$ cat entry-v4.csv   # CSV, C-alpha atoms and all ligand atoms
chain,number,residue,atom,x,y,z
W,1,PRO,CA,84.6,143.0,102.4
W,2,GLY,CA,83.1,140.1,100.6
W,3,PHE,CA,79.5,141.1,99.9
W,4,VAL,CA,76.7,142.4,102.1
W,5,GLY,CA,73.4,140.5,102.0
W,6,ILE,CA,69.8,141.3,103.2
W,7,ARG,CA,68.0,141.3,106.5
W,8,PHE,CA,64.2,140.7,106.6
W,9,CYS,CA,61.7,141.9,109.2
W,10,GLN,CA,60.5,139.3,111.7
W,11,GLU,CA,57.0,140.8,111.8
W,12,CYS,CA,56.4,141.2,108.0
W,13,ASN,CA,59.4,139.8,106.0
W,14,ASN,CA,60.0,143.1,104.2
W,15,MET,CA,63.6,144.2,103.8
W,16,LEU,CA,65.2,146.0,106.7
W,17,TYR,CA,66.9,149.3,106.0
W,18,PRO,CA,69.9,150.7,107.8
W,19,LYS,CA,69.5,153.9,109.9
W,20,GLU,CA,71.4,155.5,112.7
W,21,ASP,CA,70.3,155.6,116.3
W,22,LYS,CA,71.3,159.3,116.6
W,23,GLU,CA,71.1,159.3,120.4
W,24,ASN,CA,72.9,156.1,121.2
W,25,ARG,CA,75.2,156.6,118.2
W,26,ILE,CA,74.7,153.0,116.9
W,27,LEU,CA,73.7,151.6,113.5
W,28,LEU,CA,70.2,150.1,113.4
W,29,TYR,CA,68.4,148.0,110.8
W,30,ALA,CA,64.8,149.2,110.8
W,31,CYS,CA,61.6,148.2,108.9
W,32,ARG,CA,59.9,150.8,106.8
W,33,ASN,CA,56.4,149.3,107.1
W,34,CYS,CA,56.3,148.5,110.9
W,35,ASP,CA,57.9,149.4,114.2
W,36,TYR,CA,60.5,146.6,114.0
W,37,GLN,CA,64.1,147.5,114.6
W,38,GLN,CA,67.2,145.4,115.0
W,39,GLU,CA,70.7,146.2,116.3
W,40,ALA,CA,73.4,145.7,113.6
W,41,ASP,CA,76.4,143.5,114.3
W,42,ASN,CA,78.4,144.4,111.2
W,43,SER,CA,78.7,148.2,110.9
W,44,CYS,CA,79.4,147.7,107.2
W,45,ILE,CA,76.4,148.9,105.1
W,46,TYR,CA,77.7,148.1,101.6
W,47,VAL,CA,80.6,146.8,99.6
W,48,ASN,CA,81.2,146.8,95.8
W,49,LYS,CA,84.0,144.9,94.1
W,50,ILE,CA,85.1,146.8,91.0
W,51,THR,CA,87.9,144.2,90.4
W,52,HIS,CA,85.4,141.3,90.9
W,53,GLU,CA,88.0,139.4,92.9
W,54,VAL,CA,86.3,136.2,94.1
W,55,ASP,CA,87.3,132.6,94.4
W,56,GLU,CA,85.7,131.0,91.3
W,57,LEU,CA,86.0,127.6,93.0
W,58,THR,CA,82.9,128.6,94.9
W,59,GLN,CA,81.1,128.7,91.5
W,60,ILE,CA,82.4,125.4,90.1
W,61,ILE,CA,79.8,122.7,90.6
W,62,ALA,CA,81.1,119.2,91.5
W,63,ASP,CA,78.4,117.6,89.3
W,64,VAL,CA,80.3,118.8,86.2
W,65,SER,CA,82.7,115.8,86.7
W,66,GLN,CA,79.9,113.9,84.9
W,67,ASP,CA,80.2,115.8,81.6
W,68,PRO,CA,81.3,113.5,78.7
W,69,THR,CA,82.6,116.5,76.7
W,70,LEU,CA,85.2,117.9,79.1
W,71,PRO,CA,88.8,116.7,78.9
W,72,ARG,CA,90.1,114.7,81.8
W,73,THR,CA,93.6,113.7,83.0
W,74,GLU,CA,95.4,111.5,85.5
W,75,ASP,CA,98.3,114.0,85.3
W,76,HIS,CA,96.9,116.0,88.2
W,77,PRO,CA,95.8,114.0,91.2
W,78,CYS,CA,93.2,115.1,93.8
W,79,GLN,CA,94.6,116.0,97.2
W,80,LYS,CA,91.6,115.1,99.4
W,81,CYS,CA,91.1,111.5,98.0
W,82,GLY,CA,94.2,110.9,95.9
W,83,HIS,CA,92.1,109.9,92.9
W,84,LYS,CA,94.2,110.3,89.7
W,85,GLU,CA,91.6,111.4,87.2
W,86,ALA,CA,90.6,115.0,87.3
W,87,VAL,CA,88.4,116.9,84.8
W,88,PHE,CA,89.8,120.3,83.8
W,89,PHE,CA,88.4,123.4,82.0
W,90,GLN,CA,88.7,127.1,81.7
W,91,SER,CA,86.5,129.7,83.4
W,92,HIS,CA,83.6,129.0,81.1
W,93,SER,CA,82.6,132.5,82.0
W,94,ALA,CA,82.9,136.2,81.2
W,95,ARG,CA,84.5,138.5,83.7
W,96,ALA,CA,87.7,136.6,83.8
W,97,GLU,CA,88.7,139.5,81.5
W,98,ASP,CA,91.9,137.8,80.4
W,99,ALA,CA,93.1,134.7,82.2
W,100,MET,CA,93.1,131.2,80.7
W,101,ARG,CA,93.5,129.4,84.0
W,102,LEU,CA,92.5,125.7,84.2
W,103,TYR,CA,90.2,124.6,87.0
W,104,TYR,CA,90.3,121.0,88.1
W,105,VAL,CA,87.6,118.8,89.6
W,106,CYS,CA,88.1,115.3,90.9
W,107,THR,CA,86.2,112.7,88.8
W,108,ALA,CA,85.7,110.3,91.7
W,109,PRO,CA,82.0,110.3,92.5
W,110,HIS,CA,81.0,112.0,95.8
W,111,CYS,CA,84.5,113.6,96.2
W,112,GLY,CA,83.8,116.7,94.2
W,113,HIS,CA,87.0,118.4,95.2
W,114,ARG,CA,87.9,121.5,93.2
W,115,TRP,CA,91.2,123.3,92.8
W,116,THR,CA,93.2,125.6,90.4
W,117,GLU,CA,96.7,125.3,88.9
C,1,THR,CA,97.6,136.1,16.0
C,2,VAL,CA,101.2,135.0,15.6
C,3,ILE,CA,101.8,133.7,19.1
C,4,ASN,CA,98.5,131.8,19.3
C,5,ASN,CA,99.6,130.1,16.1
C,6,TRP,CA,102.9,129.2,17.7
C,7,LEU,CA,101.2,127.7,20.7
C,8,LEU,CA,99.7,125.3,18.2
C,9,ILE,CA,103.2,123.8,18.1
C,10,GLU,CA,104.3,124.1,21.8
C,11,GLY,CA,100.9,123.6,23.4
C,12,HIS,CA,99.9,124.3,27.0
C,13,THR,CA,98.0,122.2,29.6
C,14,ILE,CA,97.6,121.6,33.3
C,15,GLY,CA,97.1,118.3,35.0
C,16,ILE,CA,97.5,116.0,38.1
C,17,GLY,CA,101.3,115.9,37.5
C,18,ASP,CA,101.7,119.7,38.1
C,19,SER,CA,99.9,119.4,41.5
C,20,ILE,CA,102.3,116.7,42.8
C,21,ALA,CA,105.6,117.3,44.6
C,22,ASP,CA,108.5,114.9,45.2
C,23,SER,CA,108.6,112.6,48.2
C,24,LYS,CA,111.2,114.7,50.0
C,25,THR,CA,109.3,117.9,49.5
C,26,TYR,CA,106.3,116.2,51.1
C,27,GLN,CA,108.5,115.1,54.0
C,28,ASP,CA,109.8,118.6,54.5
C,29,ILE,CA,106.2,120.1,54.4
C,30,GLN,CA,105.0,117.4,56.9
C,31,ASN,CA,108.0,118.0,59.3
C,32,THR,CA,107.2,121.8,59.2
C,33,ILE,CA,103.6,121.2,60.2
C,34,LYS,CA,104.5,118.7,62.9
C,35,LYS,CA,106.7,121.2,64.6
C,36,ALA,CA,104.3,124.1,64.1
C,37,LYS,CA,101.6,122.2,65.9
C,38,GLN,CA,103.9,121.3,68.8
C,39,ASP,CA,104.8,125.0,69.1
C,40,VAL,CA,101.2,125.9,69.5
C,41,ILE,CA,100.8,123.2,72.2
C,42,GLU,CA,103.7,124.9,74.1
C,43,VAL,CA,102.0,128.3,73.9
C,44,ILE,CA,98.8,126.6,75.2
C,45,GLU,CA,100.7,124.9,78.0
C,46,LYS,CA,102.1,128.2,79.1
C,47,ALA,CA,98.7,129.9,78.9
C,48,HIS,CA,97.0,127.0,80.8
Z,201,ZN,ZN,58.3,144.9,109.2
Z,202,ZN,ZN,89.1,113.7,94.8
$ encode --input "entry-v4.csv" --output "structure tokens" --more "lines below"
Ligand SMILES: [Zn+2]
Ligand SMILES: [Zn+2]
Amino acid sequence: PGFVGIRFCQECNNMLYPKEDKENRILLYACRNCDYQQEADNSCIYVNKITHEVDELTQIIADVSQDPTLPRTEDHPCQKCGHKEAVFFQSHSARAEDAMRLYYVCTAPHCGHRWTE
Amino acid sequence: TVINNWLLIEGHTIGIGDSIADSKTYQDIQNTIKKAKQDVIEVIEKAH
């Protein structure tokens, strides 16, 4: 699933809306303010993640290695570059709902590698 | 009336001496806290 984004009209940059081509039996995305229509590649119209399962490592920002106030450890070396010091922190978020997982970020500048243990 | 007049002989007070323990009591108190903190760290280490 993931999530489903938006398509915009080439003529007028309004949002394209899904509708069926009832005679070819194919999903179209179609503009509501002009004649523009686009054939869909995806078939999926919509997904909704009640469990909110997503990889939080996509939401950790590598620049956070610069924060003076986070704890850092050589006890967990980075895979990509081998650098010993990593900064570590919890979710810093709602919607973890329970967990106390630690996320690690490499402190070596311009490495920015992020992982969880 | 009679027992307040007896306290005039026995007296009552409180001071710094009453608030102090012996050295071995302090060592037992400190060793309890030292372990208790380490136990919390082990809970944190499992949670993390
Ligand atoms: Zn349009
Ligand atoms: Zn690294």
$ residues_near_ligand --input "entry-v4.csv" --ligand "ligand ZN 201 (chain Z)" --cutoff "7 Å" --atoms "only C-alpha atoms and all ligand atoms" --output "ChimeraX atom specification"
/W:9-14,31-36
$ residues_around --input "entry-v4.csv" --residues "residue 89 of chain W" --least-positions-apart "2" --cutoff "10 Å" --atoms "all atoms listed in the file" --output "PDB file with C-alpha atoms, in the frame of the given file"
ATOM      1  CA  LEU W  70      85.200 117.900  79.100  1.00  0.00           C
ATOM      2  CA  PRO W  71      88.800 116.700  78.900  1.00  0.00           C
ATOM      3  CA  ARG W  72      90.100 114.700  81.800  1.00  0.00           C
ATOM      4  CA  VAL W  87      88.400 116.900  84.800  1.00  0.00           C
ATOM      5  CA  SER W  91      86.500 129.700  83.400  1.00  0.00           C
ATOM      6  CA  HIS W  92      83.600 129.000  81.100  1.00  0.00           C
ATOM      7  CA  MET W 100      93.100 131.200  80.700  1.00  0.00           C
ATOM      8  CA  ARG W 101      93.500 129.400  84.000  1.00  0.00           C
ATOM      9  CA  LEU W 102      92.500 125.700  84.200  1.00  0.00           C
ATOM     10  CA  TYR W 103      90.200 124.600  87.000  1.00  0.00           C
ATOM     11  CA  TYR W 104      90.300 121.000  88.100  1.00  0.00           C
ATOM     12  CA  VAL W 105      87.600 118.800  89.600  1.00  0.00           C
ATOM     13  CA  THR W 116      93.200 125.600  90.400  1.00  0.00           C
TER      14      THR W 116
ATOM     15  CA  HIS C  48      97.000 127.000  80.800  1.00  0.00           C
TER      16      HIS C  48
END
$ residues_near_ligand --input "entry-v4.csv" --ligand "ligand ZN 202 (chain Z)" --cutoff "9 Å" --atoms "all atoms listed in the file" --output "PyMOL selection string"
chain W and resi 77-86+105-114
$ interface_residues --input "entry-v4.csv" --of "chain C" --to "chain W" --cutoff "12 Å" --atoms "only C-alpha atoms" --output "PyMOL selection string"
chain C and resi 43-48
$ atom_distance --input "entry-v4.csv" --atom1 "atom CA of residue 49 of chain W" --atom2 "atom CA of residue 30 of chain W"
25.8 Å
$ atom_distance --input "entry-v4.csv" --atom1 "atom CA of residue 23 of chain W" --atom2 "atom CA of residue 41 of chain W"
17.7 Å
$ atom_distance --input "entry-v4.csv" --atom1 "atom CA of residue 26 of chain W" --atom2 "atom CA of residue 50 of chain W"
28.6 Å
$ closest_residue --input "entry-v4.csv" --among "W:16, W:54, W:94, W:27" --to "residue 42 of chain W" --atoms "only C-alpha atoms"
W:27
$ build_atoms --input "entry-v4.csv" --residues "segment 3-19 of chain W" --atoms "N, CA, C and O atoms" --output "PDB file, keeping the file's coordinate frame"
ATOM      1  N   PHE W   3      80.702 140.363 100.245  1.00  0.00           N
ATOM      2  CA  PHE W   3      79.500 141.100  99.900  1.00  0.00           C
ATOM      3  C   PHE W   3      78.570 141.178 101.081  1.00  0.00           C
ATOM      4  O   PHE W   3      78.690 140.414 102.041  1.00  0.00           O
ATOM      5  N   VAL W   4      77.641 142.130 101.021  1.00  0.00           N
ATOM      6  CA  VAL W   4      76.700 142.400 102.100  1.00  0.00           C
ATOM      7  C   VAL W   4      75.300 141.921 101.601  1.00  0.00           C
ATOM      8  O   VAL W   4      74.859 142.305 100.511  1.00  0.00           O
ATOM      9  N   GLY W   5      74.631 141.103 102.413  1.00  0.00           N
ATOM     10  CA  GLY W   5      73.400 140.500 102.000  1.00  0.00           C
ATOM     11  C   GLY W   5      72.137 141.327 102.350  1.00  0.00           C
ATOM     12  O   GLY W   5      72.142 142.550 102.191  1.00  0.00           O
ATOM     13  N   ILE W   6      71.073 140.663 102.800  1.00  0.00           N
ATOM     14  CA  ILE W   6      69.800 141.300 103.200  1.00  0.00           C
ATOM     15  C   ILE W   6      69.407 140.825 104.548  1.00  0.00           C
ATOM     16  O   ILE W   6      69.691 139.686 104.931  1.00  0.00           O
ATOM     17  N   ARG W   7      68.724 141.690 105.296  1.00  0.00           N
ATOM     18  CA  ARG W   7      68.000 141.300 106.500  1.00  0.00           C
ATOM     19  C   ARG W   7      66.474 141.536 106.232  1.00  0.00           C
ATOM     20  O   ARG W   7      66.089 142.518 105.590  1.00  0.00           O
ATOM     21  N   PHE W   8      65.641 140.633 106.747  1.00  0.00           N
ATOM     22  CA  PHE W   8      64.200 140.700 106.600  1.00  0.00           C
ATOM     23  C   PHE W   8      63.511 140.856 107.942  1.00  0.00           C
ATOM     24  O   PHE W   8      63.961 140.303 108.950  1.00  0.00           O
ATOM     25  N   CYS W   9      62.412 141.606 107.939  1.00  0.00           N
ATOM     26  CA  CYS W   9      61.700 141.900 109.200  1.00  0.00           C
ATOM     27  C   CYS W   9      61.012 140.632 109.723  1.00  0.00           C
ATOM     28  O   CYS W   9      60.372 139.865 108.999  1.00  0.00           O
ATOM     29  N   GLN W  10      61.188 140.415 111.029  1.00  0.00           N
ATOM     30  CA  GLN W  10      60.500 139.300 111.700  1.00  0.00           C
ATOM     31  C   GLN W  10      59.022 139.386 111.652  1.00  0.00           C
ATOM     32  O   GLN W  10      58.335 138.364 111.546  1.00  0.00           O
ATOM     33  N   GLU W  11      58.477 140.601 111.746  1.00  0.00           N
ATOM     34  CA  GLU W  11      57.000 140.800 111.800  1.00  0.00           C
ATOM     35  C   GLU W  11      56.402 140.572 110.382  1.00  0.00           C
ATOM     36  O   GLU W  11      55.322 139.983 110.268  1.00  0.00           O
ATOM     37  N   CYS W  12      57.052 141.062 109.327  1.00  0.00           N
ATOM     38  CA  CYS W  12      56.400 141.200 108.000  1.00  0.00           C
ATOM     39  C   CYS W  12      57.266 140.756 106.852  1.00  0.00           C
ATOM     40  O   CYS W  12      56.804 140.852 105.711  1.00  0.00           O
ATOM     41  N   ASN W  13      58.503 140.312 107.084  1.00  0.00           N
ATOM     42  CA  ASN W  13      59.400 139.800 106.000  1.00  0.00           C
ATOM     43  C   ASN W  13      59.669 140.782 104.918  1.00  0.00           C
ATOM     44  O   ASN W  13      60.112 140.380 103.838  1.00  0.00           O
ATOM     45  N   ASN W  14      59.403 142.067 105.125  1.00  0.00           N
ATOM     46  CA  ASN W  14      60.000 143.100 104.200  1.00  0.00           C
ATOM     47  C   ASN W  14      61.437 143.333 104.579  1.00  0.00           C
ATOM     48  O   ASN W  14      61.931 142.987 105.655  1.00  0.00           O
ATOM     49  N   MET W  15      62.135 143.943 103.623  1.00  0.00           N
ATOM     50  CA  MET W  15      63.600 144.200 103.800  1.00  0.00           C
ATOM     51  C   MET W  15      63.798 145.259 104.864  1.00  0.00           C
ATOM     52  O   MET W  15      63.122 146.290 104.916  1.00  0.00           O
ATOM     53  N   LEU W  16      64.761 144.986 105.743  1.00  0.00           N
ATOM     54  CA  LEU W  16      65.200 146.000 106.700  1.00  0.00           C
ATOM     55  C   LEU W  16      66.178 146.954 106.129  1.00  0.00           C
ATOM     56  O   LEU W  16      67.078 146.566 105.379  1.00  0.00           O
ATOM     57  N   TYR W  17      66.014 148.235 106.467  1.00  0.00           N
ATOM     58  CA  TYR W  17      66.900 149.300 106.000  1.00  0.00           C
ATOM     59  C   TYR W  17      67.776 149.838 107.052  1.00  0.00           C
ATOM     60  O   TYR W  17      67.342 149.962 108.202  1.00  0.00           O
ATOM     61  N   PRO W  18      69.026 150.176 106.737  1.00  0.00           N
ATOM     62  CA  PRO W  18      69.900 150.700 107.800  1.00  0.00           C
ATOM     63  C   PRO W  18      69.527 152.177 108.109  1.00  0.00           C
ATOM     64  O   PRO W  18      69.235 152.993 107.232  1.00  0.00           O
ATOM     65  N   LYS W  19      69.528 152.478 109.407  1.00  0.00           N
ATOM     66  CA  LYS W  19      69.500 153.900 109.900  1.00  0.00           C
ATOM     67  C   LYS W  19      70.228 153.977 111.195  1.00  0.00           C
ATOM     68  O   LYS W  19      70.325 153.013 111.958  1.00  0.00           O
TER      69      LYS W  19
END
